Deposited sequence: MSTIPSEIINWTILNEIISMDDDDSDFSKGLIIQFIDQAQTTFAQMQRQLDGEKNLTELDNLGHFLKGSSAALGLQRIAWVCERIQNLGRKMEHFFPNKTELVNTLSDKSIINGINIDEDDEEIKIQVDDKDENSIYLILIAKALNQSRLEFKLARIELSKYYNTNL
């Protein structure tokens, strides 16, 4: 099940604990992740609207999962694992947005608007999960912006 909190501070605080010597080091990783997530999301979107290779979508979800999990971004890493198993034909259902945003412990977060072949069913689930990744990505940027007191 998707974690209730957006940030796993237990994992991220030990990364922020290294900001004493290297000032704004953890902020640099967050900025570096935002560029990586936007690029990874674009590569996922390029395959859904273009050439379809579920092995690549399997690898794209695995790539972003390893970074988002190491930074404590649980929900992003959770959806990436869902895209990871959908490309491997291991899962056959991805819940809707209203069901996933109801799992947040603090419910004051969502006060904004959310924007044939043998593989057709899974590609729709991957396209539906990639869009869910965009919401979890935006929620993480808002949560990390408040902590660092900077825009993203």
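Parts of the chain sequence, as deposited, that carry no C-alpha coordinates in this structure: Missing CA coords at 1 to 2, 118 to 130.
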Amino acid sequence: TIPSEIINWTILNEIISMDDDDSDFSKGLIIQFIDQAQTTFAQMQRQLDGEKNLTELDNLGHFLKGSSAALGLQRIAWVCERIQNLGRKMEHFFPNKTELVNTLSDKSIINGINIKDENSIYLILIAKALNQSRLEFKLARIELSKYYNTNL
From here on, numbers count along this sequence of modelled residues.
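Take the two forms, superpose them, and find the largest set of C-alpha atoms that agree within 1.5 Å; that set is the rigid core.
Farther-lying stretch by C-alpha RMS in 5 other deposited structures of this protein (rigid core fit) among 105 to 113, 26 to 34: Of the two stretches, the larger average C-alpha offset in 5 other deposited structures of this protein falls on 105 to 113.
Given 103 to 111 and 60 to 68, the range whose Cα B-factors average higher in the PDB entry: Per the PDB entry, the higher value belongs to 103 to 111.
Between the two ranges 28 to 36 and 122 to 130, the one averaging a larger CA B factor in the entry: That would be 122 to 130.
Out of 14, 136, 143, 20, highest CA B-factor residue: If I rank 14, 136, 143, 20 by C-alpha B-factor, first place goes to 20.
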